[PDB]
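Below you will find one chain, with nothing else, as structure tokens; this is the form deposited in one PDB entry, and questions on how it binds or moves follow later.
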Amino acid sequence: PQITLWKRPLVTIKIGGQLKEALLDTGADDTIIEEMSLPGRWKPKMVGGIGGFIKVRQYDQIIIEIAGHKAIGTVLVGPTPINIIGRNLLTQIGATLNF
């Protein structure tokens, strides 16, 4: 699709076998999902946002299906206000900014 930015670019994702929504975020280097369980071992990390750094669990090689397109990569879990899909996964769906 071609998504205009009149409103927040939310799409349906599927992760851990569950449907959720998430924000497609060209400004985010990483993908971060609201607290949930995921398989495999995780490592503790910190990541910084506009208001300071948060603690998160980093999971590797996680499958997300983003608006019907498959992506696999690192997914952080931590206290985010909203699930965000950042550039590490947006590149695998060929997403681009056009103007």
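We number the residues from 1 along the sequence you see.
Only in words, not in the display: the form deposited with a small molecule bound, which the text now covers.
- Of the heavy atoms in residue 56, some are within 4.5 Å of the small molecule in the deposited complex.
- For the chain shown alone, residue 45 is a contact residue for the small molecule in the deposited complex, at least one non-hydrogen atom being within 4.5 angstroms.
- Contact check for residue 77: a non-hydrogen atom falls within 4.5 Å of the small molecule in the deposited complex.
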